[PDB]
Amino acid sequence: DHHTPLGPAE
Amino acid sequence: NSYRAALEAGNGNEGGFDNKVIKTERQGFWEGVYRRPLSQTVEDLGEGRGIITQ
Amino acid sequence: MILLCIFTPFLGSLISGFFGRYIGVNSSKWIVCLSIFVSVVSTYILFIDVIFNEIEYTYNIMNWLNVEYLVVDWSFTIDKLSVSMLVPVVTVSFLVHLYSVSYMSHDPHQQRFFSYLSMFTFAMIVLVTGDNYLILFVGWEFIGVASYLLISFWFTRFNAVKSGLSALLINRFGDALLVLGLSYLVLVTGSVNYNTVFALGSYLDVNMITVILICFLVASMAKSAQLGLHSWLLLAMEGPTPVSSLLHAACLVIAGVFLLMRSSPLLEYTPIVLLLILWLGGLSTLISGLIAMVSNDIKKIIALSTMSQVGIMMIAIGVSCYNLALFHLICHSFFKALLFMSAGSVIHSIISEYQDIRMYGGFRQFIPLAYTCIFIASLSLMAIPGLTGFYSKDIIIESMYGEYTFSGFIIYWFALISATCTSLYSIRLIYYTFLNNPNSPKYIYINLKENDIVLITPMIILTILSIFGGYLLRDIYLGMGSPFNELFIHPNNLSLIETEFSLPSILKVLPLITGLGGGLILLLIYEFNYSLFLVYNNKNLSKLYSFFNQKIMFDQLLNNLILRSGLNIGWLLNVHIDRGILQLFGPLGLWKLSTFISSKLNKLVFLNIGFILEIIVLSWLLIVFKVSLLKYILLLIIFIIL
Amino acid sequence: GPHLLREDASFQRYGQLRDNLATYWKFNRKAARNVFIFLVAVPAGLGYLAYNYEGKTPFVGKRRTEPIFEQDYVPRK
Amino acid sequence: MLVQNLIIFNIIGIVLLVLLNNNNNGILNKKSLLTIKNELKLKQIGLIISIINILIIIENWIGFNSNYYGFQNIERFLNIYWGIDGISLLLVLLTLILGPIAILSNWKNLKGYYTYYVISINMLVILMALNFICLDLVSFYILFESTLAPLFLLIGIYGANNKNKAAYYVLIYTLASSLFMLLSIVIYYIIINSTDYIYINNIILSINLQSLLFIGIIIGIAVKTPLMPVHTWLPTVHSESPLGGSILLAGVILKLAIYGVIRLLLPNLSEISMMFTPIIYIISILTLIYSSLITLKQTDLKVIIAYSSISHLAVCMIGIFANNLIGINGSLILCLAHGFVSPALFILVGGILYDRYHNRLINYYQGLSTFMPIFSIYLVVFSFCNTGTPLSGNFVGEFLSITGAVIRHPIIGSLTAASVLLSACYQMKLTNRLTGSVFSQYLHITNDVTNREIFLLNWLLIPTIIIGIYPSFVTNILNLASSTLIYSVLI
Amino acid sequence: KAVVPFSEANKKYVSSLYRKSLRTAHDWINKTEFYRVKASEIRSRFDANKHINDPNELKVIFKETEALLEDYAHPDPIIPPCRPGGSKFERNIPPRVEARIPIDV
Amino acid sequence: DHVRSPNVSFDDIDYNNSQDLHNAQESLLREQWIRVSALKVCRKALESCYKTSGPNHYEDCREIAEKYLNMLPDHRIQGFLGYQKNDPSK
Amino acid sequence: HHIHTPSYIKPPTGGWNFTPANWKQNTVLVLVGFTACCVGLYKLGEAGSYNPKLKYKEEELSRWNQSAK
Ligand SMILES: CCCCCCCCCCCCCCCCCC(=O)OC[C@H](COP(=O)(O)OCCN)OC(=O)CCCCCCCCCCCCCCCCC
Ligand SMILES: CCCCCCCCCCCC(=O)OC[C@H](COP(=O)(O)OCC[N+](C)(C)C)OC(=O)CCCCCCCCCCC
Ligand SMILES: CCCCCCCCCCCC(=O)OC[C@H](COP(=O)(O)OCC[N+](C)(C)C)OC(=O)CCCCCCCCCCC
Ligand SMILES: CCCCCCCCCCCC(=O)OC[C@H](COP(=O)(O)OCC[N+](C)(C)C)OC(=O)CCCCCCCCCCC
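Chains as they are written, first to last, in the deposited numbering: chain h, 52 to 61; chain Y, 163 to 216; chain L, 1 to 642; chain m, 5 to 81; chain M, 1 to 491; chain n, 7 to 111; chain p, 3 to 92; chain i, 4 to 72.
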């Protein structure tokens with residue numbers, strides 16, 4: 052899995 | 163050949179300049195003129211890049 | 001419609017570039033692909049309204065340069081030729097972006113990759129739709145800017161960095177000549193417009209057209225990568241596989257041809273330039289066919305195929321058949337995009353991601369779909385009768401013989417060998433990777449699968465064009481007497497009649513007979529009698545193989561000799577002039593002299609009556625000697641300094 | 005500030021030398037070989053071409069008064 | 001108004017700054033409020049004066065008429081006649097604009113004595129700004145040489161490790177040569193009894209005396225716009241002077257030498273300018289080719305940009321000596337475009353890197369596009385502008401200058417086209433190295449470009465791309481002014 | 007220098023010449039069946055002269071073996087993509103792990 | 003407003019009167035800028051014809067092409083220093 | 004895995020698989036911008052473009068060639 056979660060809100 | 167000697171000999175710019183008096187011969191070393199015979203320009207620059215022809 | 005067709009990629013590149021952070025990876029790619037798709041559909045509408053309905057569009061934004069008589073606008077036009085080039089460009093580039101949505105999915109930087117890619121498409125669009133040469137020159141440079149950024153996209157990789165620099169510097173070599181060609185265009189006609197310069201072609205001196213067009217040819221050699229300025233073309237494979245497809249099928253590698261075709265009204269009035277292009281375009285096809293047969297990297301083989309095919313258009317230009325070179329340009333962009341895509345699919349599938357076709361083998365069943373795309377494209381490349389590359393490439397080979405001059409005869413065999421080698425290195429490429437005995441380990445073969453449906457769609461669509469595109473479009477360009485005045489053919493240069501009617505009956509089959517018939521022979525050797533090719537034992541074959549595998553040793557000649565000497569002259573100037581003679585006649589030298597002079601003068605100031613008294617009495621001699629002796633006393637003084 | 009650069013002793017010598025080549029330079033027969041080429045040979049060669057053609061190139065709007073194509077054909081056979 | 005308001009206000013400002021700082025000296029030690037935050041109040045007053053100087057000229061730019069031939073805004077102040085024409089107006093605008101940017105560049109990277117620095121920067125800008133608006137050779141020379149006194153002290157006080165060598169170079173190179181320009185100015189005052197521009201434009205001199213005056217004046221010009229072989233001062237001074245001193249020494253001081261041709265050579269020495277133009281091309285073409293090749297072997301970061309300055313100025317001189325409007329307009333647009341791109345690079349090279357790592361050697365910097373992305377976008381963007389990419393203002397200047405060069409002399413003037421290729425060699429090699437491969441093992445991760453350094457970059461890039469996209473802003477002012485410089489008789 | 011047979015260092019040299027020999031054969035020969043045949047021979051050519059107790063006799067072979075490889079060296083050797091010289095070497099290097107030391111510019 | 007050119011020649015005035023000399027220079031500059039404006043108009047006529055004629059551009063645009071290549075060398079800015087300081091009659 | 008140093012490195016194009024949490028919201032704000040401008044570009048293209056083969060009739064050109072004669 053990539054499992055890269057979203058970063059913060061921009 | 164100093165400008166002082168030319169001025170004291172009448173070959174300096176004490177006499178002002180004028181457009182209606184064109185000198186066929188070349189002017190002295192220290193002398194200035196308003197207008198020149200075009201043949202003196204061609205005999206110096208040569209024909210070509212904008213003199214006489216394109 | 002025009003303004004929508006031109007600038008839509010631009011705002012697509014900006015949005016990925018400047019808002020790609022705020023909309024993430026997935027959306028950035030698709031919004032970019034949307035922008036190219038908008039320009040595709042807009043282009044097709046104009047293609048119908050321009051090619052068939054004899055209509056022209058011209059949007060003139062504003063004035064650019066207004067220096068006395070030299071007036072240049074930001075004017076964009078779409079004639080037959082401008083829209084004949086917007087089909088190969090925008091169509092292929094849209095599928096490349098659609099292909100690249102999935103190819104780059106495992107790459108961290110996909111907002112920057114797509115920002116460059118849509119920028120590259122916009123520059124090429126500006127290149128072909130500008131109404132003067134300067135607007136063309138604007139896009140002509142951002143082609144090199146975007147290519148340099150694309151080729152060196154993996155800037156952490158040392159090899160990709162320098163290959164990006166090699167592409168930019170060699171292209172700026174032609175760009176310098178292209179600028180010099182424009183200056184002689186302003187010098188002769190005071191204009192760079194198409195409506196003006198082409199209207200004055202015959203009335204101008206023949207020597208002047210040569211000066212302008214030789215510069216155009218040298219600039220076009222750089223972009224189209226012909227012999228002499230071609231070392232960079234194979235260095236370009238450091239970029240991602242989508243970059244190679246877009247830049248070697250529908251972009252700069254063809255932009256050299258467009259510049260020559262656009263300036264056809266001038267090119268017909270200086271036959272010397274045409275003759276040079278014929279030889280440069282004939283030698284290049286011969287060489288890159290010969291180099292490819294002994295090339296092992298898969299992308300190098302296809303890249304060398306592009307150089308040979310691009311050179312085929314050059315000889316079409318040389319014989320003044322611009323309609324032939326233009327039509328092959330369209331047909332070449334279709335399968336050659338497919339071949340790089342199919343190469344990308346093969347390399348993606350194999351888990352080791354190898355590129356040397358010497359580490360492949362027996363792939364034909366594990367990836368049947370990737371294999372078929374190469375098979376159909378290669379046959380279209382090899383001009384199998386009834387395909388698309390047949391109806392465009394074959395006529396050019398005939399017209400080399402149909403010229404019935406010395407140069408046409410000599411180039412005929414160089415071209416015919418190119419058709420032969422095309423049919424050969426293709427067979428070598430297909431067997432070594434799909435039919436040969438396996439060379440990769442078994443764990444690779446148990447884990448060999450095709451790729452996702454997003455990656456699959458662009459290839460199949462280009463396959464269909466490679467089966468039907470050439471036939472449908474044949475009469476639009478090669479039609480006997482179709483009105484295409486954008487390409488100007490002087491009446492004494494038309495040989496399409498004799499190309500089609502007078503050729504010997506054996507030549508019309510000669511490319512194909514040595515094409516497939518010679519293909520089987522090589523296929524048997526690669527299959528049944530490979531022992532012949534164990535060439536390391538034979539010193540004659542090893543020397544021959546090493547020479548062509550090292551690309552005519554042209555790369556070594558450039559670096560070891562030409563580039564290093566160029567950098568060495570910088571060193572000699574930096575040593576003997578800047579820190580050499582200029583410092584000797586400068587700070588260092590005058591410090592040495594002043595140290596010598598001042599060290600003498602300091603020794604003279606000392607309190608001593610005898611010294612000052614003696615100096616004074618010497619100076620009375622200046623009253624005795626005649627004044628003409630002063631300079632000798634000036635020299636005598638200078639001596640005693642020493 | 006904090007000396008964010010790992011200064012290198014060998015790079016400093018290389019930088020010191022490359023900015024002080026004037027000190028070790030000599031006007032040997034090698035330098036005169038280069039000095040003559042760049043300050044005299046090239047300027048005079050270009051200086052001749054510049055003055056030779058200075059005014060001999062009326063290329064502004066130059067016209068053609070000589071046919072390009074050939075009229076009659078003379079076959080070898 | 002103009003000069004009177006421009007001098008009196010600046011003198012008042014200089015006096016005001018001196019009064020505030022030096023009040024507390026006295027006999028006792030002082031810990032005042034004006035020293036707090038590194039003389040911050042005194043730096044602000046210096047920055048405001050730079051902005052106000054721009055407002056003075058704009059008050060007079062509105063009145064400017066683009067369809068009038070002749071000097072406008074003529075006034076007499078200190079027994080000297082001033083005035084503005086088309087060419088002079090734009091160069092004045094460039095000079096004053098670099099005022100705030102030169103001060104802002106050195107906001108917090110000097111060890112002290114900020115008040116002295118702020119006064120000197122505003123003093124140098126005014127002296128150079130006034131040099132475009134005088135109307136006699138003597139007053140031209142006075143302003144042309146007065147800038148040495150602050151510049152020599154500024155470089156010596158605030159310079160780098162070799163500041164003593166740099167100070168001894170600018171003072172002597174630019175004085176031992178400009179003194180030759182004084183001789184030709186004096187001879188004008190002896191034979192004609194006046195050095196006024198208009199009075200001497202109408203006089204023709206003997207072709208022997210024209211050759212003497214030209215040789216004297218072009219000696220003083222060939223050093224300010226460094227032409228080989230007298231360029232050795234500029235690379236040294238750039239690599240050692242303070243960052244603000246480099247912005248003025250490259251942004252403006254070089255362009256005073258191209259303006260020297262426009263006033264002192266073309267109008268009054270027109271006949272002898274035709275003769276020297278073949279020779280000027282030889283020197284400039286060799287300057288273009290040699291400076292580009294020498295840059296390929298340099299190691300100091302701030303020297304590399306210094307030589308790139310020489311190659312462009314050689315092209316500017318090539319264009320201006322072309323006897324057509326294309327070359328003259330192109331040369332002047334290039335001077336304006338180079339006036340922003342050149343300072344921007346020194347900020348990138350000697351103002352952003354050098355303020356973080358304090359080393360100018362190229363070997364330490366590579367892969368900078370990894371942990372400093374905003375820096376590498378501007379370095380890439382300004383690398384292209386510095387090499388005449390078609391959308392920038394440099395391409396318009398270079399293309400026209402090359403076009404004008406070919407028009408004047410088709411054979412040798414064509415070699416100017418080597419500027420397009422060579423400028424991409426040393427420059428793109430520098431950028432490709434800086435932002436390529438892995439991040440350097442000698443540097444340490446730090447801040448990217450700060451907000452102040454972004455402001456400097458954005459406002460040196462914005463004027464560059466307006467002139468590129470729409471150069472007719474510059475041209476509409478130049479055309480009638482630049483058309484009075486052409487000497488040709490066609491029959 | 008001198009060559010001391012049966013010493014550990016001398017064996018490793020012969021090991022290195024073996025990887026040069028077989029890889030070079032692998033570079034030219036692109037069929038496994040043909041490669042094993044030639045690879046078998048090279049080992050036989052490598053094992054026939056296994057027993058040497060003399061310095062000077064061995065050094066001539068080292069001189070000869072270098073010449074054999076140099077003349078037979080491939081002009082385009084096969085390289086794994088992620089190994090140095092490969093097609094994917096240095097691609098997408100993960101960024102360095104380190105603390106950002108802020109500076110008050 | 004539209005300022006009228008001060009139609010004045012170098013051959014009728016005294017250069018000592020620097021006010022009149024200024025007009026002789028300004029009048030010689032303005033006429034030349036008209037010729038370039040005349041030239042840019044003629045070139046526009048050529049461009050329409052070539053675009054409109056297509057194949058017939060060699061015929062329908064014959065005298066315009068001839069005239070444009072005739073006016074090009076002399077319909078350019080030349081300044082006044084050439085004619086002020088030189089006397090063609092001599 | 005590995006560390007992107009995303010605390011400070013914030014280039015305009017994200018960096019190392021960057022995706023903001025509110026990416027769905029921003030895209031619709033962006034998809035409007037592409038739609039707002041593509042519609043806007045179509046208006047200007049229609050209004051400001053022309054056909055350069057119909058501005059002057061051949062009857063007008065035929066007078067030009069003769070007038071220049
Ligand atoms: C780029 C464009 C050009 C720009 C610069 C233009 C001017 C540059 C002039 C360059 C001439 C000087 C440069 C070469 C001299 C260098 C001196 C030197 O190298 O040393 C020789 C010697 C010093 O003795 P030593 O300690 O042994 O040093 C030997 C090291 N090789 O020195 C000696 O032995 C002395 C040599 C003879 C001295 C004769 C003195 C004659 C008068 C001096 C000249 C005056 C010039 C000014 C005149 C007006 C001054 C008011
Ligand atoms: C026609 C072209 C005119 C160009 C301008 C004139 C030449 C420029 C000279 C630079 C001077 C310089 O460099 O001054 C600084 C230099 C020395 O250098 P430094 O800084 O101490 O470092 C170098 C010191 N070492 C060796 C310890 C490392 O001091 C001197 O040698 C003092 C004497 C210089 C006299 C200048 C006379 C000028 C006459 C010009 C007319 C012939
Ligand atoms: C437009 C032209 C106007 C004329 C200007 C004349 C300059 C005289 C100024 C004296 C004021 C003063 O001596 O004050 C000193 C001031 C400010 O020093 P500070 O940093 O605040 O104090 C420092 C000590 N602390 C911090 C401990 C308190 O620095 C200056 O002098 C800078 C300007 C002059 C430098 C160059 C002079 C060259 C003169 C020749 C020019 C052709
Ligand atoms: C016709 C005019 C078209 C202009 C449109 C501009 C679109 C492209 C914007 C790119 C911004 C960006 O993001 O560049 C910065 C990228 C971002 O890297 P990332 O992928 O976000 O990963 C982030 C993590 N890094 C950085 C470690 C990989 O890194 C760089 O510093 C790359 C080097 C500088 C690139 C300069 C490109 C500038 C474009 C050319 C200007 C003429």
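Just so you know, even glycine gets a beta-carbon here, dropped at the ideal spot from N, CA and C.
| request: Scan the segment 19-50 of chain p for residues whose Cβ lies nearer than 7 Å to a Cβ of chain L and list them as they occur along the chain. | output: The segment 19-50 of chain p vs chain L, Cβ under 7 Å: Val38, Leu41, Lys42, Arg45, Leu48 and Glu49.
| task | Give the residues of chain n in contact with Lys108 (chain M), contact being defined as C-beta atoms less than 9 Å apart. | result | In chain order: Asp110 and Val111.
| query | What do you get for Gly517 (chain L), buried or exposed, if any count of 16 or more other CB atoms within 10 angstroms of its CB means buried? | reply | Label assigned to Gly517 (chain L): exposed.
| Within 7 Å, strictly: CB atoms of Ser342 (chain M) and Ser311 (chain M) | Going by C-beta atoms, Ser342 (chain M) is not nearer than 7 Å to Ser311 (chain M).
| said: Which residues in chain i have a C-beta closer than 8 Å to the C-beta of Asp62 (chain p)? List them in chain order. | reply: Going along chain i in sequence order, the residues near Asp62 (chain p) (Cβ under 8 Å) are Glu61, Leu64, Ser65 and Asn68.
| field | Per DSSP, cross-strand counterpart(s) of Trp82 (chain M) | value | Paired residue(s): M:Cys134.
| request: Indicate whether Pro15 (chain i) and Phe18 (chain L) have their beta-carbon atoms separated by less than 7 Å. | output: Yes, they are a contact pair.
| At what residues does the beta strand (DSSP E) containing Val72 (chain L) begin and finish? | Counting along the chain, the beta strand (DSSP E) containing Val72 (chain L) begins and ends at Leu70 to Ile78.
| request: Determine whether the Cβ of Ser10 (chain i) lies closer than 7 Å to any Cβ atom of chain L. | output: Taking a beta-carbon distance threshold of 7 Å, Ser10 (chain i) does not count as an interface residue toward chain L.
| task | Can you have a look at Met293 (chain L) and say buried or exposed, based on whether 16 or more other CB atoms are within 10 angstroms of its CB? | result | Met293 (chain L) counts as buried, since at least 16 other C-beta atoms from the protein chains shown sit within 10 angstroms of its C-beta.
| query | Roughly how many angstroms lie between the CA atoms of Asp85 (chain M) and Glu75 (chain M), to the nearest whole one? | reply | Cα to Cα, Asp85 (chain M) sits roughly 13 Å from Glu75 (chain M).
| said: Against chain p, which members of the segment 46-68 of chain m pass a CB distance test of less than 7 Å? | reply: If the cut-off is 7 Å between Cβ atoms, the segment 46-68 of chain m has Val64, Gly65 and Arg67 near chain p.
| query | Is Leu487 (chain L) closer than 7 Å to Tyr322 (chain L) when the C-beta atoms are compared? | reply | Cβ atoms of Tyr322 (chain L) and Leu487 (chain L): closer than 7 Å.
| Under the rule that 16 or more other beta-carbon atoms within 10 Å means buried, what is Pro229 (chain M), buried or exposed? | With 16 or more other Cβ atoms within 10 Å, it is buried.
| task | Report all residues from its chain with a CB closer than 6 Å to the CB of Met104 (chain L); omit the five preceding and five following residues, and keep chain order. | result | Scanning its chain for C-beta atoms nearer than 6 Å, with the 5 sequence neighbours on each side dropped, one finds around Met104 (chain L) the residues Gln110 and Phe113, in chain order.
| query | Which bits of chain i does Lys53 (chain p) rub up against, with CB to CB less than 7 Å? | reply | Listed along chain i, the residues sitting closer than 7 Å to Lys53 (chain p) by beta-carbon distance are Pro55 and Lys56.
| Residues in the segment 69-83 of chain M having any Cβ partner in chain p nearer than 8 Å | So the close ones are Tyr69 and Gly70.
| Taking one C-beta from the segment 329-337 of chain M and one from the segment 298-317 of chain M each time, how about it: are there three or more such pairs within less than 8 Å? | Contact between the segment 329-337 of chain M and the segment 298-317 of chain M is present: three or more C-beta pairs spanning the two stretches fall below 8 Å.
| task | Note down the Cα distance separating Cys41 (chain i) from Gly20 (chain L), rounded to an integer number of angstroms. | result | Roughly 19 Å between the two C-alpha positions.
| query | Can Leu136 (chain L) and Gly130 (chain L) be called in contact, C-beta distance under 7 Å? | reply | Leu136 (chain L) places its beta carbon less than 7 Å from that of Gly130 (chain L).
| query | Would the segment 350-361 of chain L and the segment 441-451 of chain L be scored as touching if the rule is three or more Cβ pairs under 8 Å? | reply | Yes: the two stretches touch, three or more of their Cβ pairs being nearer than 8 Å.
| request: Count the other C-beta atoms from every protein chain shown that fall within 10 angstroms of the C-beta of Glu205 (chain Y), then say buried if there are 16 or more, exposed otherwise. | output: The residue is exposed, with fewer than 16 neighbouring Cβ atoms inside 10 Å.
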